[PDB]
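Report on one structure; see the data block that follows.
All of this is worked out from the model, or read from it or from the source named; no laboratory instrument gave them. A quick note on method: Cβ atoms are made from the backbone with ideal geometry, for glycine too, and the neighbour counts reach across all protein chains shown.
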Amino acid sequence: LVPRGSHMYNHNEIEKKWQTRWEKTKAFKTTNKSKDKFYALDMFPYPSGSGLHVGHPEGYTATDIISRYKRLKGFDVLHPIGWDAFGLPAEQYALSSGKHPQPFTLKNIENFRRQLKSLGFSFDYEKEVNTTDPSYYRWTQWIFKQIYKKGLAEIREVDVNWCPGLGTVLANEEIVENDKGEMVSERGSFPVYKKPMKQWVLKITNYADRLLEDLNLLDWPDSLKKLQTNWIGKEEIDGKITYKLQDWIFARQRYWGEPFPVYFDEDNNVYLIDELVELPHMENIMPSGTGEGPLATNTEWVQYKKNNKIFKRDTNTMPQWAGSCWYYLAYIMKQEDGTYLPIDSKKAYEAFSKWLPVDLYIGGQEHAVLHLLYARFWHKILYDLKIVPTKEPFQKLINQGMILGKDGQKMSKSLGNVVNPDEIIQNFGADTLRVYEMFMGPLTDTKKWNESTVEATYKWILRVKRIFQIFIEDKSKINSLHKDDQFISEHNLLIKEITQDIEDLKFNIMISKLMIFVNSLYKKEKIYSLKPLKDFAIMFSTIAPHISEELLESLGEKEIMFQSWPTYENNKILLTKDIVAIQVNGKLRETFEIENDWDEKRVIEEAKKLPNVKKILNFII
Ligand SMILES: CC(C)C[C@H](N)C(=O)NS(=O)(=O)OC[C@H]1O[C@@H](n2cnc3c(N)ncnc32)[C@H](O)[C@@H]1O
C-alpha cells in the first residue's frame, strides 16, 4: 500500500526542497572552525550495477547520524563519498552489458550520485574521489613504486589461483571454498586452481607480525580481529615461524585497472617510470585466457621507446584493491579546485595529522581479509616511510549487518532479491527509508526487508508531523504556566537518553525512545513550551533530516546547519542516581553516574572506559 490522500504527507516535495537548500547553502561543506575533528567514513561503493539497492544505505545512514550529530556538537566533520571504479566490479558490469567501461562507469556513477543525493546523506561532494581519474591513480602508481623501492614488490614464481572464467590470476584472499570443498572466486564463484606462474607479489608476509600485533590498538569487532588473526595464521612449527598468509598476488590479466608504471629490458630487469602512466583507450579489451592481459596486444603502447632503445611495458593491471587501499587519504588530499595535494607534501602530512585515524568506519564484514587487511598493509608501509602519522588507518570499525531480501538471502543484484531504493524513495520518502533501516534492528544484526514495517514507519513519520501541527498551529496549546513537572522531566531525559543511544550506535532503541515521547505528546492537552518540539526536531534531523528541517522551519527556527545539539538540565529530571568520583592515586580525574546498585567489581571496568582515567574510586599502585 503506497501512501495517498489522508494517509500521506508531501514527502517528495519536502525532500526535494531541502536537498536543494542544502546544496545552495553548502550545508555539508567540511569546515575548519574547531579543534574538534571527526572523520566518519563509509565504504565507498562500486559502480557495478545501474544503481544502489536498499542494502547500501544502511551503513551510510548510520555514519550519517553520527556525522550530523557531530556537526551539531560543533565538530569539523569529514564525511565523504566517492567511486571505487577500477578493477573487476566495474569492468564485469560493463562487459556483461556490452559497454566500454570508460563511458559506462561515468554514466552509472551519475545515477549513484543522484540516488545518494536523494537520500540526503551529508556528504561534501567537493571531496569526491574516483579511483579511475588519472589525477587519482597517479598516486596509486606512486604508492606502488614506493612499495617497490622499499623492497616490498617483486615478480616471482608462486603458486597462483588461475581463474579460467576470468582470464586472470586472483589472490588467495579472493578465493573461497564452496559446499563441496571446491575453490571458487569470491566474486562470481568462478572455479580456480593452483598453478605456478611468475607474477607480481606484494610482500605482505613481511608485515604479518605487525598486522597481527597492532590489532591490539584497534576498536574493531572481535569477529573481525579473529578473521584476520586466523587468516594470518602465525604458527611455530618445528622451529620455523610460518604463516598461512602468503604474499599478495597483485597483477591482473585484465584491461580495466591501473597500469604498472614499469618497463622491462631484454633480461627482464624492472625499470620504474616517474610520471603517471595512463591506461590507453582500447576497444579490444576482452581477456584472452593466455596468461597475458589485453594490454599485451597493444603493440605500439607496449613498445616503450627510451634513449633509442625499445623496451617492453608491463602488460598487467592492478586489482580493484589498489585504489581502495588509500582512498581515505585521498579525501584529505582532495582540494576544492579538483586537484590533490601531493601525498608526500608537508601540507598533506599536516592535513593527515589533523584528520587521521578515521574515527568511525562502517562497512561490511566481507572485506575482513580483503580491503580491511590490504589497506592496513599499505598504511603501515606509508607510516614506515613517514608519509602518514598514524600506525593504523581506521580506529573504530563497525560491520553493519546485511539486509536480506524476502528470500532470506543477503540482498544483492547477483541473487536477484533486490528492492530498488528509487521506488521506496518515490513512494515513502528517504526519511522513511532511513528511519526504517535503523529500526529494523541492532545495526550489527542481519535483517530481512519487510514491506509492512516500511508502511508502519511512514505512518509514524506522518504521526510526528501531525503532533507538531497540533501544538504549533494552535497557540493556546502552549502555555508556560502549565503544570506538568513529569513532562519537563521526560523532555530533559529524552535529550540525555537519545544522546547516549547515538553515542552507543543503538539507533533502533533511539527511535523507540522518540516514539515513546511522541506517545506522551499525544496525551497532553497543553505543554509548557515549544522547546521540546525544537529539541525533538534537531535530534530527529540526524536520522530524518528532510522532515526535521521542515518541522524546524514551521517552528520559526533556523536551519539545521546553524543549530546546536540540545542541552538538558539534570535538575529537571525527576530521579537522580549516585555520582562516583574516580581518582588516580588520591587526585580527582573523573566523575560519573552509576545507574542502579547492580554490580560493584564489574563496574570498576566502567570507570576504565571514560576518556579521562558508590562514593570514591581511588586507584593506588
Ligand atoms: C572500501 C571498498 C573496498 C568497498 C567496496 N567498494 C564495496 O564493498 N562496494 S559496495 O558497493 O559493494 O558496497 C558498499 C557498501 O555497502 C554495503 N552493502 C552491500 N550490500 C549490503 C546489504 N545487503 N546490506 C547492508 N549493506 C550492504 C557493503 O558491505 C559496503 O560497506
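Things to note:
- For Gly416: the one exception among (1) in contact with a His (Cβ under 9 Å, 6 or more places away or on another chain); (2) at positive phi; (3) of a type outside the set (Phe, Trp, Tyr): (1)
- Inter-residue pairs, beta-carbon under 7 Å, first among the charged types (D, E, K, R) and in region 92-108, second surrounded by fewer than 19 Cβ atoms within 10 Å (Cβ to Cβ), 6+ apart: none
- The set of residues from region 466-518 being acidic (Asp, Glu), closer than 15 Å to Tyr568 by Cα and under 39 Å from the mean Cα position of the chain (by Cα) comprises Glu490, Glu497.
- Residue that is nearest to the chain's Cα centre (by Cα) [pool: residues in region 373-392 that are more than 20 Å from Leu170 (Cα to Cα) and either small (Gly, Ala, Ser) or assigned to a helix (DSSP H, G or I) (or both)]: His379
- Test: residue in region 15-33 that is of a type in the set (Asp, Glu) and within 11 Å of the ligand (Cβ to nearest atom): no
- Some residue of region 17-35 being closer than 24 Å to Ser353 by Cβ and small (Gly, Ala, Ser): yes
- Scanning region 126-153 for residues being charged (D, E, K, R) and in contact with a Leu (Cβ under 9 Å, 6 or more places away or on another chain) gives a total of 5.
- Candidate set from region 1-48 (those that are of a type in the set (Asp, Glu) and within 27 Å of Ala375 (Cβ to Cβ)); member that is nearest to the chain's Cα centre (by Cα): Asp42
- Of everything listed in (1) of a type outside the set (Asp, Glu); (2) part of a helix (DSSP H, G or I); (3) over 20 Å from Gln365 (Cα atoms), the single unmet condition for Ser223 is (3).
- Residues that are outside any helix (DSSP H, G or I) and within 24 Å of the chain's Cα centre (by Cα) within region 530-546 comprise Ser541, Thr542, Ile543, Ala544, listed in sequence order.
- Residue count, region 478-505 (criterion: buried (at least 17 other Cβ atoms within 10 Å of the Cβ) and assigned to a loop (DSSP other than H, G, I, E, B)): 1
- Any hit, region 388-399, residues being surrounded by 21 or more Cβ atoms within 10 Å (Cβ to Cβ), away from the ligand (no atom under 13 Å from the Cβ) and on the phi < 0 side of the Ramachandran plot: yes
- Screening region 262-372 for strands (runs of 3 or more DSSP E) wholly inside it with 1 or more residues that are of a type in the set (D, E, K, R) returns the ranges 303-306, 309-313.
- Among the residues making up region 49-70, those that are away from the ligand (no atom under 13 Å from the Cβ) and under 13 Å from the mean Cα position of the chain (by Cα) are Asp64, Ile65, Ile66, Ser67.
- Condition met for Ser122 (within 24 Å of the chain's Cα centre (by Cα) and among the polar types (S, T, N, Q)): yes
- Residue in region 455-464 that is under 35 Å from the mean Cα position of the chain (by Cα), outside any loop (DSSP other than H, G, I, E, B) and closer than 16 Å to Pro532 by Cα present: yes
- Top-ranked residue of region 369-378 - restricted to ones that are within 13 Å of the ligand (Cβ to nearest atom) and buried (at least 20 other Cβ atoms within 10 Å of the Cβ), ranked as farthest from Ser223 (Cα to Cα): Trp378
- Test: residue in region 314-329 that is more than 16 Å from the ligand (Cβ to nearest atom), over 20 Å from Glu128 (Cβ atoms) and of a type outside the set (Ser, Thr, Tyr): yes
- Of the residues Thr297, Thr317, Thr290, the single one that is in the same structural domain as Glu128 (by CATH) and closer than 14 Å to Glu91 by Cβ is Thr317.
- The lone criterion from (1) surrounded by 15 or more Cβ atoms within 10 Å (Cβ to Cβ); (2) in a loop (DSSP other than H, G, I, E, B); (3) out of contact with any strand residue (DSSP E or B) (no Cβ under 9 Å at 6 or more places or on another chain) left unmet by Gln228 is number (2).
- Subset of region 584-593 that is on the phi < 0 side of the Ramachandran plot and surrounded by fewer than 16 Cβ atoms within 10 Å (Cβ to Cβ) - its residue that is farthest from the chain's Cα centre (by Cα): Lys587
- Any hit, region 447-470, residues being within 13 Å of the ligand (Cβ to nearest atom) and buried (at least 20 other Cβ atoms within 10 Å of the Cβ): yes
- Counting the residues of region 344-368 that are among the acidic types (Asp, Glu) and within 16 Å of the ligand (Cβ to nearest atom) gives 1.
- Residue within region 321-341 that is touching a strand residue (DSSP E or B) at 6+ places or on another chain (Cβ under 7 Å), surrounded by fewer than 17 Cβ atoms within 10 Å (Cβ to Cβ) and of a type in the set (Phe, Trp, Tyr) present: no
- For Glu590, the test of being of a type in the set (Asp, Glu), assigned by CATH to the domain that holds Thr30 and in a helix (DSSP H, G or I) is failed.
- For region 414-431, a residue qualifies if it is in a helix (DSSP H, G or I), within 13 Å of the ligand (Cβ to nearest atom) and surrounded by 15 or more Cβ atoms within 10 Å (Cβ to Cβ), and exactly one does: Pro421.
- Look at (1) basic (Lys, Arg); (2) surrounded by 15 or more Cβ atoms within 10 Å (Cβ to Cβ); (3) part of a loop (DSSP other than H, G, I, E, B) and you find that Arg434 fails only one, number (3).
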